[PDB]
Each structure stands twice: as structure tokens, then as C-alpha cells.
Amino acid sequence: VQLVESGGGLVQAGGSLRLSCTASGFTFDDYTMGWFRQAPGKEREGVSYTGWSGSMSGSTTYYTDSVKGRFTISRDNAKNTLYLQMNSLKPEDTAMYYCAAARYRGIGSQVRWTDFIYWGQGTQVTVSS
């Protein structure tokens, strides 16, 4: 089980980045995938997840208030890849961004943050002044 992040870097304020996260063997399309971030000196917080419920027949996507209307999560079940399109980047968005996976295959909107078990190494996103 591997999760390799890519697409990070350094950008001016107002610029844009696009993160990617390819996934090794765990049957990607049945898992709820998510993006986390960790500020320097602060705890790791949740950014966005998307994933699937059986009790509603369908998918549930989430976005935090600080990334609302600016970030976009998407998945490609054929290539087992998760994406995070970050537009209109602010200097408060500067963190190391992690790509996580939750494992019990049916969680929709009852997704606790503690359900994410498999993690990646991360990628740096730096938004300067």
C-alpha cells in the first residue's frame, strides 16, 4: 500500500497549483480518499475528501471553509489517482499536503477524521507574498 503525492511547489499569491496522488494496490474506487495539510508548528488539519456511501447509494465530497470555492477535489478510478486543483492561492494555504485514505468502504458524511488510516509522505506547497 503506497500513496505518492506530486504537483506541489512554490507560487506567488493568487497563483494556482494542481496536486496528484497515485495509489498502489488497495482497490482505489471503493475507498474514501482525502487531502490533509499541516502548517509549520500547527496540527494536521483536514482539507477535502470525497468518497462513497451505501446508505444513500452515492458519493459525498467535502470542502473546509478556508478552501471553499477555491479548491476542487476529483478522482480517476481508472488510473487510481486523486487530484486537488488549488486556485486563488493565499499565503495561509502554505503547508505540507498529505493524501490519505479511509478503509471501511461505505462512509458517507459520517467520515470522522480518525477513519483515515493509510497516508502518503506529502508534498510541499508554498505561497509567498
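The first residue of the shown sequence is 1; numbering continues from there.
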{"item": "Mean Cα B-factor comparison, 107 to 115 or 17 to 25, giving the higher one as deposited", "value": "107 to 115"}
{"item": "Stretch with the higher entry mean CA B-factor, where the candidates are 94 to 102 and 70 to 78", "value": "70 to 78"}
{"item": "Deposited CA B-factor, highest of 48, 55, 85, 88", "value": "55"}
{"item": "Chain thirds of CA B-factor: placement of residue 65", "value": "middle"}
{"item": "Third assignment of residue 2 from its chain's C-alpha B-factors", "value": "highest"}
{"item": "Lowest, middle or highest third - CA B-factor, residue 129", "value": "highest"}
